[PDB]
2 protein chains.
Amino acid sequence: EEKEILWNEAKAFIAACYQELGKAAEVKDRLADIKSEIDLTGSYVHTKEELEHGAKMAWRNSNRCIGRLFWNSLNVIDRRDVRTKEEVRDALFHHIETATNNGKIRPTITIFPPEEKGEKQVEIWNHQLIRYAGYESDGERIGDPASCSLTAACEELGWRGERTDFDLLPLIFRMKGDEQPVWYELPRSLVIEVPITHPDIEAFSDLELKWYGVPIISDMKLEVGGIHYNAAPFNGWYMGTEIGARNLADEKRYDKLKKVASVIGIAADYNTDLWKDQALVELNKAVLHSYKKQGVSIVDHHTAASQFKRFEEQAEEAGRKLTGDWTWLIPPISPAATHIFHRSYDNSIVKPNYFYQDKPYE
Amino acid sequence: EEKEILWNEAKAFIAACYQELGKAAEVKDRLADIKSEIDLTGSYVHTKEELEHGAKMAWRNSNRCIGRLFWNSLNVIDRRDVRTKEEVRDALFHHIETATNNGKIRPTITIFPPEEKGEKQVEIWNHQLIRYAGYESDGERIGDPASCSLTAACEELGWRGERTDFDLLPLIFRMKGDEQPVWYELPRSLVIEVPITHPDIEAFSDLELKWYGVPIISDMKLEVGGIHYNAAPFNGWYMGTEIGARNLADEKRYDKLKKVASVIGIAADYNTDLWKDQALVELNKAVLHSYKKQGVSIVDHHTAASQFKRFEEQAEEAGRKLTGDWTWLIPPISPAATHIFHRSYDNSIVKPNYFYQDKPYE
Ligand code: HEM
Ligand code: HEM
Ligand SMILES: C[C@H](O)[C@H](O)[C@H]1CNc2nc(N)[nH]c(=O)c2N1
Ligand SMILES: C[C@H](O)[C@H](O)[C@H]1CNc2nc(N)[nH]c(=O)c2N1
Ligand SMILES: N=C(NCCC[C@@H](N)C(=O)O)N[N+](=O)[O-]
Ligand SMILES: N=C(NCCC[C@@H](N)C(=O)O)N[N+](=O)[O-]
């Protein structure tokens, strides 16, 4: 059954991929080669070109991503050669550096060796490569609540956070054959952070907010033609609402709207004053302003929706079905000011794609 | 088949209704009575208590409605006795008056005679009883674009609008046996309107915006125990976003955000300034302020979400399944500041309910 699942996904993927790459005449032979390899080895190995295009297809198929216009410019780093924890560590450092690119962020993915018998070669514990720790003890809340479980796991392993609201979590990952993960502090010189200021309201700096430059999701599985790349961190650049409307605003995250209201000089007493809405708009303005001022790439939700409209058009022109998850594509502020809110999307799963996987902590 | 559909819906409805009304021992006999009535007449007639509770259940089952906490306080007006166009007209005038209640809006439904062989007794053309006309000629756009088709239909029938941006459409409805609908101007003394001002920005009145007090959807079918009440106008009070974030803001409606930006003293040149978002917040503040100042009932989206949370709790406590359409329940501004955005809802259709029906114009 497992070989058949693999073989069927392989046929589907190779046909589509080679069709897109102008290589339809190479399909029959490549399929034959793959068939023998599966019989004899239990699996098969992608060519560099298959791996690159597969990672690109997987982004293009990601229903929850508004950023997909740029799917074909993904920089794919092939690290199927790594065997040691030092090499994994250095690959992850290099990903941060090359993706950051001094603020002119480059969409990048680093692909590590795939699972074999469902057996992981490298298992990355981080949710993102750069993320802030979170703590909750005797009612006292510090940092990012969404990080509490991973932070506790790290502190079981000998790491200790300074208990600032913005402690960088170490890289933490496990190698096949090791019972425990290892962890490494991130060099601060690798990590760009942006202090949050407002274009008009001087006092906004009194909040002492900041965020990191680059979101690098590091715990999703890339599936390509039946091969499971459980370790394949990727990044683009942020849409400003991710930071301003969710990370800094959610009651279960940094929960800053009351403090924002106070610094922008409005009362936070009556729902009818729409003070949360007003605070959200000013916080989201501050985020965009701050990243721009610092020369770190970011997109606003209006521009991002416009680009996504072009992605829809490009799909139709290419004769490809569009898939999307309306509930994630709408921005969390002024969604009805975008075209996305006014149409529907087919939420079917097409592969290659990126998938959730169970967290080894928790 | 049709009698069987009716009989099956009838059994389901009468059991549930009588169960909710403490009348479970009356079910068997009432079902027997209904069975004979269907055999002999082709249909059956609700008791006053069935009709009232059915209209209430239908609101409670309305997946797209955030306002459902108050389902049990609906004022049900039974107008199954009407036979003439004068009586329909007067019932609709009376609905407006009693629902408005000098601004202290009363949730009301007026139920007209049901369809017989799928044959409508009264067919109401209005989308809402109070609504503004819309015109589009040689590129020139006036009033509410969403009303263009109904406005044109009315002008085919001898009505003429003044071509203000806020012309009240006449009541327009057709009686069984008539080829054409009749229309009646609304008496202005029946219709409360609210001018839009802002609590702090004097110039906001320069926009000369207004809206009507009471939304009275008049083109949905109420289905209760297999009986089709195609003509059953209902109302609550507005949630402010309906007016501020959609009716006055949508590009395909009144399209006021650029004018709002200009009066509140902000540039509308760069997406990154989030000027649309800022304009939306100030317009929505103005709407709530204006209705409150005038003593006309309205709810903000934060309060409405809080009430809806209580509705969820009340359903679970009563042992009733909750249904909802997440995509309509989230408010169109700051949706992630509400609990609704952070959970999911079962979008199954439960009857009694309110349904769309085909428009006789168009
Ligand atoms: C180039 C700029 C990019 C932008 C502006 C962008 C924007 C977004 C946004 C706003 C989300 C929603 C995230 C949330 O609410 O937590 C998202 C989700 C996602 N994006 Fe992108 N994205 C970009 C690049 C990428 C890249 C390079 C990949 C993969 C190669 C990717 C794959 C995804 C996936 C898989 C999700 C779903 C994450 C989840 O379910 O938690 N995107 N994108
Ligand atoms: C008491 C105050 C009420 C509030 C604040 C409220 C709020 C809302 C809102 C905001 C919507 C979405 C409308 C849109 O986006 O166009 C809605 C839809 C709806 N409401 Fe309510 N509502 C209330 C009362 C009622 C009543 C009395 C009924 C029926 C008896 C009702 C039945 C519905 C239905 C059927 C829809 C769906 C309309 C459509 O699909 O176009 N609600 N409600
Ligand atoms: C097709 C698309 O889902 C559509 O724009 C919906 C979305 N959610 C909505 N929600 C509400 N309350 N009202 C609406 O008109 C809409 N429009
Ligand atoms: C369960 C519920 O649908 C959930 O809050 C979703 C809604 N839409 C979202 N959309 C985005 N982009 N990101 C999110 O975290 C969420 N959360
Ligand atoms: N933009 C991207 N978003 C995924 C980020 C999680 C995020 N919402 C947060 O950290 O706020 N990905 N990306 O660019 O690959
Ligand atoms: N609140 C209610 N909403 C239905 C209104 C249509 C509306 N969005 C508009 O006219 O803006 N109904 N209600 O209260 O019965």
# chains A, B, ... in the order shown; residues from 1 in each chain; ligands from 1
$ interface_residues --of "chain A" --to "chain B" --cutoff "7 Å" --atoms "only C-alpha atoms" --output "list in words"
residues 271, 272, 273, 274, 277, 278, 281, 285, 288, 300, 302, 303, 332, 333, 334, 335 and 336 of chain A
$ calpha_fit_and_write --fixed "chain B" --moving "chain A" --output "compact mmCIF listing (two decimals) with C-alpha atoms, in the first residue's frame"
# COMPACT_ATOMS: atom_id res chain seq x y z
CA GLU A 1 -44.17 13.58 -3.17
CA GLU A 2 -45.20 17.20 -2.32
CA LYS A 3 -47.74 16.03 0.31
CA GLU A 4 -45.09 13.75 1.76
CA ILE A 5 -42.52 16.53 1.93
CA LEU A 6 -45.16 18.64 3.72
CA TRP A 7 -46.20 15.86 6.08
CA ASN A 8 -42.59 15.03 7.01
CA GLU A 9 -41.66 18.66 7.69
CA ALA A 10 -44.90 18.97 9.67
CA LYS A 11 -44.09 16.03 11.93
CA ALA A 12 -40.59 17.28 12.58
CA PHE A 13 -41.72 20.85 13.32
CA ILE A 14 -44.71 20.03 15.53
CA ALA A 15 -42.67 17.62 17.70
CA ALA A 16 -39.88 20.16 18.21
CA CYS A 17 -42.18 23.12 18.70
CA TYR A 18 -44.51 21.45 21.19
CA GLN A 19 -41.49 20.00 22.99
CA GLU A 20 -40.08 23.53 23.41
CA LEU A 21 -43.50 24.89 24.48
CA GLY A 22 -44.09 22.24 27.22
CA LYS A 23 -46.89 20.70 25.12
CA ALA A 24 -45.41 17.29 24.19
CA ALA A 25 -48.66 15.46 25.17
CA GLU A 26 -50.65 17.41 22.57
CA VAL A 27 -48.43 16.26 19.69
CA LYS A 28 -50.12 12.98 18.77
CA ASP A 29 -53.59 14.49 18.40
CA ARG A 30 -52.35 17.58 16.61
CA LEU A 31 -50.42 15.41 14.15
CA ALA A 32 -53.58 13.34 13.50
CA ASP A 33 -55.59 16.51 12.92
CA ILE A 34 -52.89 17.80 10.54
CA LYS A 35 -52.73 14.46 8.67
CA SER A 36 -56.47 14.61 7.84
CA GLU A 37 -56.24 18.27 6.89
CA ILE A 38 -53.42 17.55 4.41
CA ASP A 39 -55.27 14.54 2.85
CA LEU A 40 -58.46 16.55 2.45
CA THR A 41 -57.16 20.08 1.67
CA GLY A 42 -53.61 19.62 0.29
CA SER A 43 -52.19 21.64 3.21
CA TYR A 44 -52.65 22.71 6.84
CA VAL A 45 -53.04 25.89 8.90
CA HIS A 46 -50.80 26.80 11.82
CA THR A 47 -52.21 27.75 15.18
CA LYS A 48 -51.25 31.25 16.35
CA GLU A 49 -48.81 29.71 18.85
CA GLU A 50 -47.18 27.50 16.19
CA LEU A 51 -46.76 30.45 13.82
CA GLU A 52 -45.22 32.68 16.48
CA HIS A 53 -42.82 30.05 17.81
CA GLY A 54 -41.94 28.96 14.26
CA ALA A 55 -40.94 32.49 13.28
CA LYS A 56 -38.83 32.62 16.42
CA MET A 57 -37.18 29.26 15.64
CA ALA A 58 -36.45 30.42 12.13
CA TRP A 59 -34.55 33.46 13.43
CA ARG A 60 -32.69 31.23 15.93
CA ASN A 61 -31.64 28.98 12.98
CA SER A 62 -30.44 31.82 10.76
CA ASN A 63 -26.76 30.98 10.32
CA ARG A 64 -25.76 34.38 8.93
CA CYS A 65 -27.26 36.43 11.81
CA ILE A 66 -25.07 37.65 14.69
CA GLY A 67 -28.16 39.09 16.43
CA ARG A 68 -29.78 35.82 17.43
CA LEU A 69 -29.46 36.16 21.28
CA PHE A 70 -32.84 37.92 21.19
CA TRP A 71 -34.71 35.33 19.10
CA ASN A 72 -37.35 34.68 21.73
CA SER A 73 -38.46 38.35 22.00
CA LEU A 74 -39.56 38.65 18.34
CA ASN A 75 -42.98 40.38 18.01
CA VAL A 76 -44.96 38.21 15.56
CA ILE A 77 -47.83 39.94 13.74
CA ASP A 78 -50.24 37.46 12.20
CA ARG A 79 -51.67 38.87 8.95
CA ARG A 80 -52.86 35.65 7.33
CA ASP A 81 -56.29 37.32 7.15
CA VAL A 82 -55.36 39.89 4.47
CA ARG A 83 -57.06 39.64 1.07
CA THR A 84 -56.69 43.09 -0.56
CA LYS A 85 -53.89 45.34 -1.68
CA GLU A 86 -55.09 48.11 0.62
CA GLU A 87 -54.81 45.72 3.59
CA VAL A 88 -51.30 44.63 2.53
CA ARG A 89 -50.26 48.26 2.15
CA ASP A 90 -51.66 49.16 5.52
CA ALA A 91 -50.04 46.16 7.19
CA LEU A 92 -46.67 47.23 5.78
CA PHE A 93 -47.16 50.81 6.96
CA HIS A 94 -48.14 49.51 10.38
CA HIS A 95 -45.04 47.23 10.48
CA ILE A 96 -42.80 50.26 9.84
CA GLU A 97 -44.55 52.29 12.54
CA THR A 98 -44.63 49.60 15.24
CA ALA A 99 -41.13 48.32 14.52
CA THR A 100 -39.69 51.88 14.58
CA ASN A 101 -41.39 52.69 17.87
CA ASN A 102 -40.04 56.27 17.87
CA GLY A 103 -36.49 54.96 17.58
CA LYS A 104 -36.64 52.29 20.31
CA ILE A 105 -36.75 49.59 17.67
CA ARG A 106 -38.85 46.47 18.28
CA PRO A 107 -37.88 43.26 16.54
CA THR A 108 -40.99 42.48 14.49
CA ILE A 109 -42.22 40.17 11.75
CA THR A 110 -45.51 40.54 9.81
CA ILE A 111 -46.62 37.24 8.28
CA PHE A 112 -48.91 37.33 5.21
CA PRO A 113 -50.84 34.36 3.75
CA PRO A 114 -48.62 31.44 2.63
CA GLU A 115 -48.19 29.95 -0.82
CA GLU A 116 -50.85 27.37 -1.70
CA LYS A 117 -49.84 25.16 -4.64
CA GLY A 118 -46.56 27.02 -4.66
CA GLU A 119 -48.91 29.84 -5.75
CA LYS A 120 -48.10 33.12 -3.95
CA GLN A 121 -50.97 35.13 -2.42
CA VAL A 122 -48.88 38.28 -1.97
CA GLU A 123 -45.50 38.83 -3.67
CA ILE A 124 -43.38 41.66 -2.27
CA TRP A 125 -40.86 43.14 -4.73
CA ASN A 126 -38.95 45.32 -2.22
CA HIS A 127 -35.70 43.95 -0.87
CA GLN A 128 -36.32 45.97 2.31
CA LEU A 129 -39.43 47.99 3.08
CA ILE A 130 -37.23 51.10 3.44
CA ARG A 131 -34.45 51.34 0.83
CA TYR A 132 -32.90 54.01 -1.40
CA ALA A 133 -33.28 54.07 -5.18
CA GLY A 134 -30.33 53.80 -7.55
CA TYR A 135 -29.80 55.07 -11.11
CA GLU A 136 -27.07 54.57 -13.76
CA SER A 137 -27.46 56.31 -17.12
CA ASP A 138 -24.78 57.47 -19.61
CA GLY A 139 -22.11 56.77 -16.95
CA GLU A 140 -23.94 59.00 -14.39
CA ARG A 141 -24.42 57.16 -11.03
CA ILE A 142 -26.97 58.37 -8.46
CA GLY A 143 -28.14 56.77 -5.19
CA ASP A 144 -27.73 53.10 -4.23
CA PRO A 145 -26.34 51.01 -7.08
CA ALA A 146 -27.72 47.84 -5.48
CA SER A 147 -31.22 49.22 -6.07
CA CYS A 148 -30.79 49.89 -9.81
CA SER A 149 -32.79 46.91 -11.05
CA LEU A 150 -35.73 47.45 -8.70
CA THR A 151 -35.69 51.22 -9.34
CA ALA A 152 -35.91 50.60 -13.11
CA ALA A 153 -38.79 48.15 -12.56
CA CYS A 154 -40.62 50.76 -10.47
CA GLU A 155 -40.10 53.43 -13.14
CA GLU A 156 -41.62 51.03 -15.72
CA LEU A 157 -44.76 51.12 -13.60
CA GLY A 158 -45.23 54.86 -13.57
CA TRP A 159 -43.16 55.79 -10.50
CA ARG A 160 -40.59 58.56 -10.97
CA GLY A 161 -37.74 59.22 -8.55
CA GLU A 162 -36.42 62.72 -7.82
CA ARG A 163 -32.87 61.47 -8.42
CA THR A 164 -31.45 62.51 -5.11
CA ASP A 165 -28.86 59.98 -3.70
CA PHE A 166 -31.46 59.07 -1.05
CA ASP A 167 -34.84 58.65 -2.87
CA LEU A 168 -37.13 56.37 -0.86
CA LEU A 169 -38.38 53.54 -3.04
CA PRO A 170 -42.11 53.01 -2.95
CA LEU A 171 -43.61 49.86 -1.55
CA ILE A 172 -44.15 47.56 -4.50
CA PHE A 173 -45.98 44.23 -4.40
CA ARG A 174 -48.25 41.99 -6.48
CA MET A 175 -51.47 40.21 -5.52
CA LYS A 176 -52.52 36.79 -6.75
CA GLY A 177 -54.63 37.28 -9.86
CA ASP A 178 -52.97 40.54 -10.89
CA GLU A 179 -50.57 40.63 -13.78
CA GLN A 180 -48.64 43.71 -12.48
CA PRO A 181 -47.57 44.86 -9.06
CA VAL A 182 -48.95 48.05 -7.50
CA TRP A 183 -46.77 50.68 -5.81
CA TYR A 184 -47.35 53.20 -2.99
CA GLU A 185 -45.13 56.05 -1.86
CA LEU A 186 -43.97 55.76 1.71
CA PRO A 187 -45.30 58.54 3.94
CA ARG A 188 -42.20 60.44 5.10
CA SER A 189 -43.67 60.72 8.60
CA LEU A 190 -43.30 56.89 8.95
CA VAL A 191 -39.59 56.84 8.02
CA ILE A 192 -36.91 57.81 10.52
CA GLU A 193 -33.60 58.82 8.94
CA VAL A 194 -30.38 59.66 10.70
CA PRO A 195 -27.95 62.34 9.42
CA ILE A 196 -24.31 61.20 9.80
CA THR A 197 -22.11 63.39 11.95
CA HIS A 198 -18.86 62.63 13.76
CA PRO A 199 -18.34 63.14 17.49
CA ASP A 200 -15.13 65.28 17.01
CA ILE A 201 -14.77 66.24 13.35
CA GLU A 202 -17.16 69.03 12.46
CA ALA A 203 -16.51 68.86 8.76
CA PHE A 204 -17.94 65.31 8.57
CA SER A 205 -21.40 66.85 8.02
CA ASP A 206 -20.05 68.38 4.75
CA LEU A 207 -20.45 64.87 3.26
CA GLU A 208 -24.24 65.15 3.74
CA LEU A 209 -24.56 61.43 4.47
CA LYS A 210 -27.62 59.89 6.06
CA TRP A 211 -29.20 56.44 6.40
CA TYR A 212 -32.57 55.03 7.41
CA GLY A 213 -33.36 53.83 10.89
CA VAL A 214 -34.73 50.38 10.42
CA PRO A 215 -33.64 47.51 8.14
CA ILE A 216 -36.73 45.50 7.19
CA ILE A 217 -35.84 42.60 4.86
CA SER A 218 -38.98 41.94 2.85
CA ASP A 219 -38.04 39.40 0.16
CA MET A 220 -37.10 36.25 2.11
CA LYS A 221 -39.27 33.16 2.52
CA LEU A 222 -40.09 31.97 6.04
CA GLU A 223 -40.50 28.20 6.01
CA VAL A 224 -42.24 26.62 9.00
CA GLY A 225 -43.24 22.92 9.15
CA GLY A 226 -43.44 22.71 5.36
CA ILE A 227 -45.54 25.87 4.92
CA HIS A 228 -43.96 28.52 2.68
CA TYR A 229 -44.56 32.08 3.87
CA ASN A 230 -42.92 33.87 0.94
CA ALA A 231 -44.18 37.22 2.23
CA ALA A 232 -43.04 37.79 5.81
CA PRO A 233 -41.05 40.99 6.30
CA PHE A 234 -38.93 41.10 9.45
CA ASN A 235 -36.60 43.46 11.28
CA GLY A 236 -34.26 43.98 14.11
CA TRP A 237 -31.94 46.96 14.49
CA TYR A 238 -28.72 47.64 12.55
CA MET A 239 -25.20 46.61 13.49
CA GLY A 240 -23.25 49.76 12.68
CA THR A 241 -20.77 48.04 10.28
CA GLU A 242 -23.65 47.19 7.95
CA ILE A 243 -23.96 50.90 7.23
CA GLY A 244 -20.44 52.20 7.85
CA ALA A 245 -18.35 49.35 6.44
CA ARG A 246 -20.55 48.20 3.59
CA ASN A 247 -23.48 50.42 2.52
CA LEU A 248 -21.49 53.66 2.63
CA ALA A 249 -18.04 52.16 1.91
CA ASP A 250 -18.26 49.45 -0.73
CA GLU A 251 -17.05 50.63 -4.17
CA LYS A 252 -20.22 49.09 -5.62
CA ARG A 253 -22.46 50.91 -3.08
CA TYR A 254 -22.06 54.57 -1.99
CA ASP A 255 -18.23 54.40 -2.25
CA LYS A 256 -17.47 57.15 0.28
CA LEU A 257 -14.02 56.28 1.65
CA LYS A 258 -12.04 58.79 -0.45
CA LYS A 259 -14.43 61.58 0.56
CA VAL A 260 -14.20 60.44 4.16
CA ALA A 261 -10.39 60.51 3.99
CA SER A 262 -10.51 64.06 2.69
CA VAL A 263 -12.83 65.35 5.43
CA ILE A 264 -10.89 63.73 8.23
CA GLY A 265 -7.70 65.38 6.91
CA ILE A 266 -5.68 62.40 5.71
CA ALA A 267 -4.11 61.70 2.33
CA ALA A 268 -5.61 58.87 0.22
CA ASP A 269 -2.51 58.28 -1.90
CA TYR A 270 -0.55 55.30 -0.41
CA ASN A 271 -1.77 51.86 0.56
CA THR A 272 0.86 51.75 3.29
CA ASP A 273 -0.77 54.74 5.06
CA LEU A 274 -3.83 52.49 5.65
CA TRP A 275 -6.04 55.43 4.82
CA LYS A 276 -8.95 53.15 3.84
CA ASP A 277 -8.74 51.44 7.24
CA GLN A 278 -8.58 54.77 9.08
CA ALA A 279 -11.48 56.20 7.05
CA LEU A 280 -13.50 53.04 7.78
CA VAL A 281 -12.96 53.41 11.52
CA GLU A 282 -13.97 57.10 11.57
CA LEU A 283 -17.01 56.49 9.34
CA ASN A 284 -18.13 53.64 11.57
CA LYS A 285 -17.64 55.78 14.71
CA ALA A 286 -19.78 58.49 13.06
CA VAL A 287 -22.57 56.03 12.30
CA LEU A 288 -22.82 54.75 15.87
CA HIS A 289 -22.55 58.27 17.31
CA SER A 290 -25.27 59.55 14.99
CA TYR A 291 -27.85 56.86 15.69
CA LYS A 292 -27.22 57.12 19.45
CA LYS A 293 -27.48 60.88 19.36
CA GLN A 294 -30.82 60.60 17.62
CA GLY A 295 -32.24 57.91 19.95
CA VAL A 296 -32.41 55.23 17.28
CA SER A 297 -31.36 51.74 18.31
CA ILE A 298 -28.09 50.32 16.87
CA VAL A 299 -25.40 47.90 18.08
CA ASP A 300 -21.63 48.04 17.57
CA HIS A 301 -19.88 44.89 16.37
CA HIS A 302 -17.99 44.29 19.69
CA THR A 303 -21.18 44.35 21.72
CA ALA A 304 -22.98 42.28 19.09
CA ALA A 305 -20.25 39.61 19.19
CA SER A 306 -20.47 39.53 23.00
CA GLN A 307 -24.19 38.99 22.78
CA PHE A 308 -23.62 36.26 20.20
CA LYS A 309 -21.20 34.53 22.58
CA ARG A 310 -24.08 34.47 25.09
CA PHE A 311 -26.29 32.94 22.37
CA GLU A 312 -23.71 30.14 21.88
CA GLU A 313 -23.68 29.50 25.65
CA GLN A 314 -27.47 29.54 25.83
CA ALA A 315 -27.69 26.98 22.99
CA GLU A 316 -25.32 24.59 24.72
CA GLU A 317 -27.13 25.01 28.07
CA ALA A 318 -30.47 24.24 26.37
CA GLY A 319 -28.94 21.17 24.70
CA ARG A 320 -29.37 22.62 21.20
CA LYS A 321 -26.90 22.33 18.37
CA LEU A 322 -25.41 25.65 17.22
CA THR A 323 -25.26 26.43 13.53
CA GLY A 324 -23.52 29.41 11.93
CA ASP A 325 -21.88 30.77 8.78
CA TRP A 326 -18.44 32.00 9.93
CA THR A 327 -18.00 33.98 6.73
CA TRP A 328 -21.07 36.20 7.49
CA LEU A 329 -20.80 36.24 11.31
CA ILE A 330 -17.35 37.87 11.39
CA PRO A 331 -17.74 41.67 11.23
CA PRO A 332 -16.18 43.41 8.25
CA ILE A 333 -14.00 45.52 10.50
CA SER A 334 -11.56 44.22 13.12
CA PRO A 335 -12.97 40.67 12.86
CA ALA A 336 -10.04 39.18 14.76
CA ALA A 337 -10.92 41.41 17.76
CA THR A 338 -14.05 39.24 18.16
CA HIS A 339 -14.25 35.72 19.53
CA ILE A 340 -16.15 34.60 16.37
CA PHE A 341 -13.04 34.85 14.21
CA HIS A 342 -11.19 32.38 16.50
CA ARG A 343 -13.64 29.47 16.38
CA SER A 344 -15.52 27.50 13.75
CA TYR A 345 -19.24 26.97 13.12
CA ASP A 346 -21.32 24.17 11.62
CA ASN A 347 -23.05 25.73 8.59
CA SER A 348 -25.85 23.13 8.33
CA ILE A 349 -29.37 24.25 7.44
CA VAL A 350 -31.95 23.58 10.18
CA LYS A 351 -35.65 24.47 9.68
CA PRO A 352 -37.73 26.56 10.42
CA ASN A 353 -35.61 29.18 8.64
CA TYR A 354 -35.54 32.21 6.32
CA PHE A 355 -34.48 31.59 2.68
CA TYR A 356 -33.63 33.55 -0.43
CA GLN A 357 -36.06 33.47 -3.33
CA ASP A 358 -35.87 34.51 -6.97
CA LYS A 359 -36.51 38.20 -7.71
CA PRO A 360 -39.59 38.82 -9.91
CA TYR A 361 -37.84 41.83 -11.50
CA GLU A 362 -34.48 40.85 -13.10
$ select_by_dssp --residues "stretch 42-231 of chain A" --states "strand (DSSP E)" --output "PDB file with C-alpha atoms, in the first residue's frame"
ATOM      1  CA  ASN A  75      15.151  30.376  -3.978  1.00  0.00           C
ATOM      2  CA  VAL A  76      15.438  26.621  -3.309  1.00  0.00           C
ATOM      3  CA  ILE A  77      18.486  25.510  -1.301  1.00  0.00           C
ATOM      4  CA  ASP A  78      19.120  21.800  -1.629  1.00  0.00           C
ATOM      5  CA  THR A 108      13.948  31.027   0.361  1.00  0.00           C
ATOM      6  CA  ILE A 109      13.477  27.388   1.318  1.00  0.00           C
ATOM      7  CA  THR A 110      16.197  25.048   2.663  1.00  0.00           C
ATOM      8  CA  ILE A 111      15.326  21.393   2.102  1.00  0.00           C
ATOM      9  CA  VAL A 122      16.274  15.770  10.972  1.00  0.00           C
ATOM     10  CA  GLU A 123      13.385  16.927  13.192  1.00  0.00           C
ATOM     11  CA  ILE A 124      13.141  20.679  13.767  1.00  0.00           C
ATOM     12  CA  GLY A 134       7.057  32.914  26.381  1.00  0.00           C
ATOM     13  CA  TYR A 135       6.701  32.240  30.110  1.00  0.00           C
ATOM     14  CA  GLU A 136       3.719  31.860  32.502  1.00  0.00           C
ATOM     15  CA  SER A 137       4.415  31.173  36.182  1.00  0.00           C
ATOM     16  CA  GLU A 140       3.099  36.189  35.771  1.00  0.00           C
ATOM     17  CA  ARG A 141       3.101  36.379  31.906  1.00  0.00           C
ATOM     18  CA  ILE A 142       6.265  37.306  29.981  1.00  0.00           C
ATOM     19  CA  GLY A 143       6.967  37.290  26.228  1.00  0.00           C
ATOM     20  CA  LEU A 171      17.447  26.730  17.329  1.00  0.00           C
ATOM     21  CA  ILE A 172      16.359  23.327  18.562  1.00  0.00           C
ATOM     22  CA  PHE A 173      16.323  20.132  16.506  1.00  0.00           C
ATOM     23  CA  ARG A 174      16.881  16.377  16.785  1.00  0.00           C
ATOM     24  CA  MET A 175      18.918  14.046  14.585  1.00  0.00           C
ATOM     25  CA  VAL A 182      20.289  19.792  20.655  1.00  0.00           C
ATOM     26  CA  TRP A 183      19.943  23.584  20.893  1.00  0.00           C
ATOM     27  CA  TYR A 184      22.081  26.520  19.717  1.00  0.00           C
ATOM     28  CA  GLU A 193      14.740  43.327  14.523  1.00  0.00           C
ATOM     29  CA  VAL A 194      12.640  46.387  13.934  1.00  0.00           C
ATOM     30  CA  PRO A 195      11.668  48.810  16.752  1.00  0.00           C
ATOM     31  CA  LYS A 210       9.689  45.518  18.386  1.00  0.00           C
ATOM     32  CA  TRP A 211       9.420  42.483  16.092  1.00  0.00           C
ATOM     33  CA  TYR A 212      11.778  40.365  14.029  1.00  0.00           C
ATOM     34  CA  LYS A 221       6.163  19.141   5.959  1.00  0.00           C
ATOM     35  CA  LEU A 222       6.803  19.710   2.248  1.00  0.00           C
ATOM     36  CA  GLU A 223       5.315  16.828   0.276  1.00  0.00           C
ATOM     37  CA  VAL A 224       6.478  16.395  -3.310  1.00  0.00           C
ATOM     38  CA  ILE A 227       8.360  12.164  -0.737  1.00  0.00           C
ATOM     39  CA  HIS A 228       7.965  13.656   2.752  1.00  0.00           C
ATOM     40  CA  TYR A 229      10.386  16.492   3.490  1.00  0.00           C
TER      41      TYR A 229
END
$ select_by_dssp --residues "stretch 19-127 of chain B" --states "helix (DSSP H, G or I)" --output "ChimeraX atom specification"
/B:19-20,24-41,48-60,68-73,85-103
$ decode --residues "stretch 120-124 of chain A" --atoms "N, CA, C and O atoms" --output "mmCIF file, in the first residue's frame"
data_model
loop_
_atom_site.group_PDB
_atom_site.id
_atom_site.type_symbol
_atom_site.label_atom_id
_atom_site.label_comp_id
_atom_site.auth_asym_id
_atom_site.auth_seq_id
_atom_site.Cartn_x
_atom_site.Cartn_y
_atom_site.Cartn_z
ATOM 1 N N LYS A 120 12.182 10.171 10.341
ATOM 2 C CA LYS A 120 12.794 11.490 10.113
ATOM 3 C C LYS A 120 14.318 11.479 10.245
ATOM 4 O O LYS A 120 14.872 10.897 11.193
ATOM 5 N N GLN A 121 15.004 12.157 9.327
ATOM 6 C CA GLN A 121 16.464 12.291 9.424
ATOM 7 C C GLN A 121 16.860 13.459 10.326
ATOM 8 O O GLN A 121 17.831 13.374 11.093
ATOM 9 N N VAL A 122 16.097 14.542 10.196
ATOM 10 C CA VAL A 122 16.274 15.770 10.972
ATOM 11 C C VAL A 122 14.872 16.208 11.391
ATOM 12 O O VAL A 122 13.967 16.221 10.565
ATOM 13 N N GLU A 123 14.695 16.538 12.671
ATOM 14 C CA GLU A 123 13.385 16.927 13.192
ATOM 15 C C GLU A 123 13.545 18.280 13.856
ATOM 16 O O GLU A 123 14.203 18.383 14.877
ATOM 17 N N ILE A 124 12.956 19.319 13.266
ATOM 18 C CA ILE A 124 13.141 20.679 13.767
ATOM 19 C C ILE A 124 11.997 20.983 14.699
ATOM 20 O O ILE A 124 10.826 20.841 14.310
#
